[PDB]
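**Q** PDB entry and its sequence, pasted below:
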Amino acid sequence: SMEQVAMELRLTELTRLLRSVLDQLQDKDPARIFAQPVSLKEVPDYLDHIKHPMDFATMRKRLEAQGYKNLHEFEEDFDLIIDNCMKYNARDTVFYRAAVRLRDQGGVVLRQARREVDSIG
């Protein structure tokens, strides 16, 4: 149908907008602590600790395969990156401190993103 064509135009432009949110969240991690999945070679027991790993490159692959059906799905994936880090790493670490900063500075970018999806539909 043509009504599936228009559905994809209003997805495609969530995808296009979600691209821009991610670029901005990822600029709040200049240390690149969250750019890539935690290495199972380097942390072989990681899955004993964290059942749903997430990282920016993994969020991005799902993005360019148009796999986030709304903003809430994207926000869940972002919250995993932070929550996983805050459990796996202790409070007095560069990792935990980097998550706390990413959370705090992402909040502003997401608070605007929410309004732009509602407003633009």
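**A** Thanks, I have the structure now. Residues are numbered from 1 along each chain as shown.
**Q** chain center to the longest helix seen in the chain: distance?
**A** For the chain, the longest helix by residue count, based on DSSP state H, is helix 94-120. Chain-centre distance of helix 94-120: 10 Å, with C-alpha atoms, centre = their mean, to the nearest Å.
**Q** Flag every buried residue along it.
**A** Across helix 94-120, burial judged by 16 or more other C-beta atoms under 10 Å covers 96, 98, 99, 102, 103, 106, 109, 110, 113, 117. Heads up, the C-betas are built off the backbone N, CA and C, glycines and all.
**Q** Mind picking the two most distant members of these?
**A** 96 and 117 (30.1 Å; C-beta to C-beta).
**Q** tell me, what residue is most central in this protein?
**A** Closest residue to the average C-alpha location of the chain: residue 78 at 3.3 Å, with C-alpha atoms, centre = their mean.
**Q** check contacts around it.
**A** 25, 54, 59, 106, 110 (C-beta atoms under 8 Å, 6 or more residues apart in numbering).
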